[PDB]
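Some notes on the structure that comes next.
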Amino acid sequence: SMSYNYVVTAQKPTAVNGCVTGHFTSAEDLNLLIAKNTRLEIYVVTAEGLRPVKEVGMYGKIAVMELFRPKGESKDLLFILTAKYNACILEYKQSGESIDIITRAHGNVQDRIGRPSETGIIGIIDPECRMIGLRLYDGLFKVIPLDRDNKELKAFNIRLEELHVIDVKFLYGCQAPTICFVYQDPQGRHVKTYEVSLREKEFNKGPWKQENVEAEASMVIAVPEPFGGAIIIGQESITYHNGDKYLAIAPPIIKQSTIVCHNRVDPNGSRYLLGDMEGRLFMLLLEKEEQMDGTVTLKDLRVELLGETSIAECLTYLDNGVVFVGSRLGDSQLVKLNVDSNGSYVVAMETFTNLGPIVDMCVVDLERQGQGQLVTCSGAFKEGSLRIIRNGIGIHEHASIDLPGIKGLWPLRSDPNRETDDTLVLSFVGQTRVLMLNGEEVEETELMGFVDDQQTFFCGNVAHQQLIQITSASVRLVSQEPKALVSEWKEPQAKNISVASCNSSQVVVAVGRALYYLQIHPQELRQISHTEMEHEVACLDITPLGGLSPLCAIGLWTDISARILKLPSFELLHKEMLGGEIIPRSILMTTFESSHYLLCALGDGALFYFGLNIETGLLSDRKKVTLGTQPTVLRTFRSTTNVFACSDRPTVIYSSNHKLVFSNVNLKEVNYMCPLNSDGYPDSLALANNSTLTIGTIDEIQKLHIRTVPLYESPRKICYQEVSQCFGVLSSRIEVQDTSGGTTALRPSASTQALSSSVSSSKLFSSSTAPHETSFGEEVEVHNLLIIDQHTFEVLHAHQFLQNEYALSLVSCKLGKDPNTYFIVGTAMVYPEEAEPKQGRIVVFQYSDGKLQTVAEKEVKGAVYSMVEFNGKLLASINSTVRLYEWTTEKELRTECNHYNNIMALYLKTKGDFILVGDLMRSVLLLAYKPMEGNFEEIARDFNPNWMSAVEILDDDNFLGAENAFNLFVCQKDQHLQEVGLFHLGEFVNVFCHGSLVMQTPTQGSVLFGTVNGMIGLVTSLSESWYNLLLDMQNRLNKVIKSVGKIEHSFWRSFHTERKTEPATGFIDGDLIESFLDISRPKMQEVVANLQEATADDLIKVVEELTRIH
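Going left to right, the sequence shown walks through residues 0 to 341, 344 to 547, 551 to 643, 646 to 980, 990 to 1015, 1022 to 1113, 1123 to 1140 as the entry's author numbering numbers them.
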């Protein structure tokens, strides 16, 4: 058998890899364009911030993004080069309300042979738009002439003698196209210029040449006219060159960190923004000087500290003091630059969530309610954090009132001429209170004709401009403009009312087993019918689905039956046996997407929903879901109309492509609810708990919600320990040598602000050891194990490891017959500029009474790269060894097995008795534990080389891997492991983890993965028939979907490395499949044309079902 896999995006990439500004959408609009790997986001810069106008996806990793304006254009055009060398020129096209990104030119500029450069792909555009320059490989400069006839973006190569280019730019103010670049040779680093000639397709002698530049010169800045020239930024100095003009400064403020990005503030280059690796923001000023003749020359350079921002990957100045900080290691932000310091000139105004990099993550179900949550280790350095990702629907609360003991909510229009609710009637234990809504103000009032002494079961507006109130004693009908009691119905023998239901013109009241059908008439509650059911009535509903309902839904006590009766004869039309011994609590007739349903919920949290036929009253397609454990009450509201389910976990029911979806509301315990459409709270809801009354609006659809827990240091690994109700997190913080012969922290962080703290007292590497002294300004890493509460996410404890000890692996498990659960950490002694670590530790911690107690330690001769619990034993990877440890009764680790091989097992996963091993460069390996013989054995090995990054076991015979060239692959047994699946994902996978973020199908299994760019994906398995259908749909979709840049989807998903390239196999692009629901219905039929007896509605249900896995 083969392997068929389905990979889909759960969370799009959030890290910013690039940002440019200009007039792309129109000549009058200032735009900000953000590259997030495969996504391009287009914003309009206003005083309110950033207004989104368009977002597109590209079939490629965006490596180059530049705005430029050639002659004959009304706005700027966009040049993009992908990492697979797809080049295109794009234009923003708006036709009224339709937005199209059209391809003005496209082509692939990859060479047949060539070695990619160390500084990566560089793409520059000449200021006169004469040409596009590309540095793709060493020794070659690729030139794309910007001619009107170059529709295919044909290019030619010029031989570059300098084989190691650091950075290159096109110079301003030149009669001929001139490049300026920093290069590296055995003699150091230098800057050189060349004149590019399209006529001769060669280089000409540049205007100048500087033989020597700083050894760490890494960035070139082309200064615009009138000054021109170039600015070279290094680790220590900033220099300006322009023929015979030379300026050089060396400010000590920039020595502490490397400057990694820059941006121009003004079109003449008089001020520049600079950001370093610590998030500091600098201003580079080019000081002018007026001479005696009247000319103005460049006097000096000067930098000035502005303050602190997020660690910036790119910076973009916008309008008046507003700067966008594009970050890949933390959240992006909009910062404000003030001309007067506060000593910081920067002020953060908005933050934008970034999950990247996700270095580790785990799935937990804290409340044990059936839906898991993702807890990731995100960010790095001062941006490091934990993120909690949860599927659900958000609530925006706009009012809160402390009103305990509420037992019922009903909206009401006290005025018959208004179309807006102005009254909220509340029910309590034998009481009924009334509140009025005067705009945004709420005040308790009274309603004439209503009763405050009896608990209300229902009230609202009814026909003939009247009001109704159903209490536990009777049903009262009240006039409107002069409010007064006009009619009242009681039980013939004045017994209490058990169940109540009502619409605009009908009332159905139950008294035990007796039903009474009343009709609302002008000043008259006319009784039409009255019968007796065979069992006691539990719940009622008479919602007119097709305002005179001919049907009446009812739930019974002893039978546990949902019946549809006919008004007024009350005869039975359809009865469904629900089963069990729990009675139904709520029943509701509703309509979803023009289809009619019957909802019925019991007291145990079960929810049955059937298809309802209004003409016959026939129930069909019986299904069941679990919406909690407490009794559930159903109520409709207007978003179409949706159903709110009130229980211990609130759930909103809605529809999507004729399939019901049950989404959890991000709230705790909602006992009663009603819709509320007031002038101060339009299209809102009123929610009541055990203590407060809440008014707010609700989101339309389910999405991923993200909570952020800032750590201000780098998290590394995370594991959940249920028995302690806490997370264990390995973290690292940077410290710099001060002057007291030690290291000092640069800022407070999680490891230095915990409630309690401990330090390692191990003496394993103390005596008979030489010191590793450091120098001034040298940075060191201090590693810690954090204990994080699972509810408040506060740092309960922080244990600091030994100096120069790096925590690499973390696991939470029991071992042997020991009933305690431990945090186990694998470490390594890491010293500067050394090979593989020679010493390490395995430390067993126990969290008890808010403190971490060290239980045992085990010295190891190497780095403990990974650890996993293996059937009551500890499996550890140490350097080039896989070792199995036993937990003795004396609380010590004893070696049982030692598998000495040549692999470097950086990644370990286990299942049953097998182990999947991920090597640094030798792909994956399969080991199996022999129980009777007590050691390991190599079953099979993938023999083609793959620089692994993550590994996962899909099942007993399918093994999933990810490598450093952004590819996925699946290995299978035949011994040799055979690669039966290949797929270019376009992201760097850091962690695989089993689990799901939806409630608990055409697919099997669920594996989540987190990436460097913050993207979260999902992998699942398909059957052969489903894989063949979806593969056929891929080729049909690819013929219809227009691709930005005219990039072939199949070329994009093709497995690609430096030594190997072939199409994808065994993988379905779920993102492409899901886009089938985004095309028009006429365009839908073309896709499914002549598909095998397949209709568009057949695969709408197929694709909609596939969307439910995430």
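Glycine included, each C-beta is placed from N, C-alpha and C at the ideal position.
Three-state secondary structure assigned by DSSP to residue i
i     : result
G846  : strand
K628  : strand
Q1106 : helix
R1057 : helix
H711  : strand
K383  : helix
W561  : coil
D137  : coil
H991  : strand
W893  : strand
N1034 : coil
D1099 : helix
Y517  : strand
The beta strand (DSSP E) enclosing residue i, as first and last residue numbers
i            : result
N392         : 386-393
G122         : 121-124
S669         : 666-670
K936         : 930-936
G371         : Here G371 belongs to no beta strand (DSSP E), and DSSP marks it neither H nor E.
residue 1155 : Because residue 1155 is not part of the residues shown, which for the chain are 0 to 1140, the question remains open.
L922         : 920-925
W411         : 409-413
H1140        : No beta strand (DSSP E) holds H1140; DSSP gives it neither H nor E.
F1072        : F1072 -> not in any beta strand (DSSP E); alpha helix (DSSP H) instead, spanning 1070-1073.
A82          : No beta strand (DSSP E) contains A82, which DSSP labels as neither H nor E.
Whole-number beta carbon distance between residue j and residue i, since they are thought to touch under 8 Å
i     : j     : result
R414  : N462  : 5 Å
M581  : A557  : Not really, about 15 Å apart at Cβ, beyond 8 Å.
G1087 : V995  : 6 Å
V360  : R722  : 6 Å
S499  : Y518  : So it is not a contact: roughly 15 Å between Cβ atoms.
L356  : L300  : Contact flag wrong, Cβ pair sits at about 38 Å.
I1094 : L1136 : 6 Å
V1061 : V1108 : 6 Å
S1027 : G1038 : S1027 to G1038, Cβ: 11 Å. No contact.
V870  : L881  : So it is not a contact: roughly 11 Å between Cβ atoms.
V976  : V923  : With a Cβ gap of about 16 Å, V976 and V923 do not count as contacting.
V108  : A154  : 5 Å
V195  : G122  : With a Cβ gap of about 15 Å, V195 and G122 do not count as contacting.
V322  : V334  : 5 Å
Continuous alpha helix (DSSP H) stretch holding residue i: start and end
i            : result
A804         : Counting along the chain, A804 falls outside any alpha helix (DSSP H), though it belongs to the beta strand (DSSP E) covering 801-806.
residue 1145 : Any question about residue 1145 goes unanswered here, given that the chain covers just 0 to 1140.
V479         : Counting along the chain, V479 falls outside any alpha helix (DSSP H), though it belongs to the beta strand (DSSP E) covering 476-480.
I1130        : 1126-1137
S662         : It is not in any alpha helix (DSSP H) - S662 carries neither H nor E in the DSSP assignment.
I1094        : 1091-1095
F155         : Unbroken run through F155 is the beta strand (DSSP E), 155-158; no alpha helix (DSSP H).
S331         : Element bounds for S331: not the alpha helix (DSSP H) but the beta strand (DSSP E), 331-336.
Beta-bridge partners of residue i, as assigned by DSSP
i    : result
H789 : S738
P721 : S737
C128 : None, per the DSSP bridge assignment.
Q183 : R188
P144 : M130
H905 : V888
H536 : Answer is none; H536 lacks a bridge partner.
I543 : Partner(s): none; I543 has no beta bridge.
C556 : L569
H240 : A229, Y245
Could I get the ranges of all uninterrupted beta strand (DSSP E) runs contained in the segment 248-289, with 3 residues as the minimum, in chain order?
258-263, 270-275, 279-289
What ranges does the beta strand (DSSP E) occupy inside the segment 592-640, keeping only unbroken runs of at least 3 residues that lie completely in it?
599-606, 610-616, 623-630
Identify every run of the beta strand (DSSP E) within the segment 89-118, keeping only runs that are complete inside it and at least 3 residues long; order them along the chain.
97-107
What are the start and end residues of each continuous beta strand (DSSP E) run of 3 or more residues lying completely inside the segment 737-774, in chain order?
749-751, 762-765
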